[PDB]
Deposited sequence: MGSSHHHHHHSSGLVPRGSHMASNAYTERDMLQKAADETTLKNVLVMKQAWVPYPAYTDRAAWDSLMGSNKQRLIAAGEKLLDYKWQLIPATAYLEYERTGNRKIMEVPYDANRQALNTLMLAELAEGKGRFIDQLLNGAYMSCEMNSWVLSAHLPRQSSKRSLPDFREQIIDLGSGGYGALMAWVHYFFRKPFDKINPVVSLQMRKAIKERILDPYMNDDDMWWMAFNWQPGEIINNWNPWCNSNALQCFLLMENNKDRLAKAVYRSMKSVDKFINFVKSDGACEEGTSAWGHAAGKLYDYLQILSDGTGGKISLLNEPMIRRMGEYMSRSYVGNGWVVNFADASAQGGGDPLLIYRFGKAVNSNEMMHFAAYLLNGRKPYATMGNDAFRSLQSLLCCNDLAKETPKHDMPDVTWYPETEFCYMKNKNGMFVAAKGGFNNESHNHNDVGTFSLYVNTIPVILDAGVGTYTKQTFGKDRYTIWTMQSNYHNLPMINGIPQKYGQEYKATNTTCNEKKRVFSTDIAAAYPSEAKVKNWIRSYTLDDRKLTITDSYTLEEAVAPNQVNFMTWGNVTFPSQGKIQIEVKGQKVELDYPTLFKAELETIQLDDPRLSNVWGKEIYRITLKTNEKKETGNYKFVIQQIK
């Protein structure tokens, strides 16, 4: 219950600071060709070309059966593809006309806008079943908001804002309809409906609040800021958005890790940023959380979690490959004043020249034009501390100067997109995974089990799913580079374990993994596993060797263990696109069976 926006002003003080008549708008007027020439630079001629390709684009109809198919077979893309292609084209066209100025894309901008008003809803088939009727087909009677409708409304607003005057010369009915559509599909349902789930009024513990919230709110706000000119009305809506987005802020951890991973980041924390950007712009700076310590942490997670060459720390159900919108990262950085975020984004360009964000998020596409000539001139470096320690989320990254990076976690077995992986670690060498976390396929799914994480099977028994299957006493020593936790309570009763302390210590030349255990009873041998890939050898007892994408390490293990290599064929292409054909589980097993014991494992380059 931080309530940081509610604290930063109430409805009344808000009224005094709001900027009316769209004076907040940081882009030029449409008709100011010289000011658009400056901003655009090298973007101009490409955005044009991108418009030229859409001069004969046929705006795609979305038949009823496409929404019907959601109910029938669950197919989403039959509806989403023509929709999204239409959004993209409108956005592209918007960008092209702002580039060229010479009227040439107005006719198509007008068609797109006119078609969009003809549609019954802007809501996706998959999300329409939240309406009263619970149906997949749009009901003219009722509007709700989902991620799509919000983005659509926002782009229709910007196109209204920029193009009303040449639209009104041609025929003033087109802009009139646009204002009716935005009213009836955004502004009105957003004020009159309390119960939309993502608004998070009526939230009680357990229920989810996620990326929907800053995202939809960010778009709602743009609409209201662009389309609503009555001052009492505006203030009422902007405040309602702040009471909603405070509910997201009071649910995410202060340490500022996105616990779903770096793919979710651009639309979770990245949209919280966009909401706070838009709010600041639209109060001339005076309501801004952009200086808050927690927002900068939420931003820097994207840099921290990025190891290199596309390789990201991929806890829970996430991909080992990933990336980011450099142009967003840069803007997010600058705004919160992270030199690390700003240089990181330039590094992420990988020697490319940055061009304007295309896609369908008009805001981001517009904001991408502002940033361009700054980020083009910023210098590429990914420097960061040897340790990052998220104490609440319980994520720990540690590295050394010879290319070893270790991620470690505690947590609990009901994290977002949970994996049963309390205590697990991942080791990268010069960016390349060597002890890996499998990641996301397209708890009887193997990727989900502790069995296929870097963890023991205590008395032979894996981790159970659940809230109360958890780390105790997770600690990090930031100068020593020691992570430690007690994973015992992640295991069910039959594990019969008082303490099992897993610990990770990175020094400049090796990583030392220790387990240290007290059983209530020795029922069956412990088994310890490691995941890897490439060329795994066993050159002598107590020694595993791994050579992969040019890196070479040795894993020393206790000689009481017999190591085997299990091969895992990846049929699932969402795994085989990352790793390839196959990865291995190493299995360390034994006949020994003691009530109290420990193991020590050492990984180093050779």
Per the record, the structure omits deposited positions 1-27, 470-479, 644
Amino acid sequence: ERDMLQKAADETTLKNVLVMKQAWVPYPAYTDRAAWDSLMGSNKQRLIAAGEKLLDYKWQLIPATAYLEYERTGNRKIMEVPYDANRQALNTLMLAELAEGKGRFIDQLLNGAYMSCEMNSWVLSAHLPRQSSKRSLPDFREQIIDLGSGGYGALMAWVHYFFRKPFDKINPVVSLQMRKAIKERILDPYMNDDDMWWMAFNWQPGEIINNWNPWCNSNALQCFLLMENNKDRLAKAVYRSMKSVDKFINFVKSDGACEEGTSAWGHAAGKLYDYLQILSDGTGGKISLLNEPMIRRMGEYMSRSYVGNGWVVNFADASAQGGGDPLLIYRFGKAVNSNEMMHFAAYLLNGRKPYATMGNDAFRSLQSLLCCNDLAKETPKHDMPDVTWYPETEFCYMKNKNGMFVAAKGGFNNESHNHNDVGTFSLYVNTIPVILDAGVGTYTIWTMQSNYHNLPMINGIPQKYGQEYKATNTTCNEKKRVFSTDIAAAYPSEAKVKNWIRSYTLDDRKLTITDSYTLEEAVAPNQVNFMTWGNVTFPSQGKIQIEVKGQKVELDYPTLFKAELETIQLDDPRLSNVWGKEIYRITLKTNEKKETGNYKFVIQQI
From here on, numbers count along this sequence of modelled residues.
Which has the higher mean CA temperature factor in the PDB entry, 294-302 or 499-507?
294-302
Avg C-alpha B-factor, entry values, 198-206 vs 96-104, higher side is 198-206
Which one of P433, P380, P138, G534 shows the biggest C-alpha B-factor in the PDB entry?
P380
Tell me, please, which of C258, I513, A490, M115 has the highest C-alpha B factor according to the deposited entry?
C258
Test of reading the entry: by CA B factor among the chain's modelled residues, which third contains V553?
middle
Relative to the other modelled residues in the chain, which third contains the C-alpha temperature factor of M40: lowest, middle or highest?
highest
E69 - Cα temperature factor, lowest/middle/highest third of chain
lowest
Hey, what third does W59 fall into on Cα B-factor, ranked over its chain?
lowest
For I544, the third of its chain into which the C-alpha B factor falls
lowest
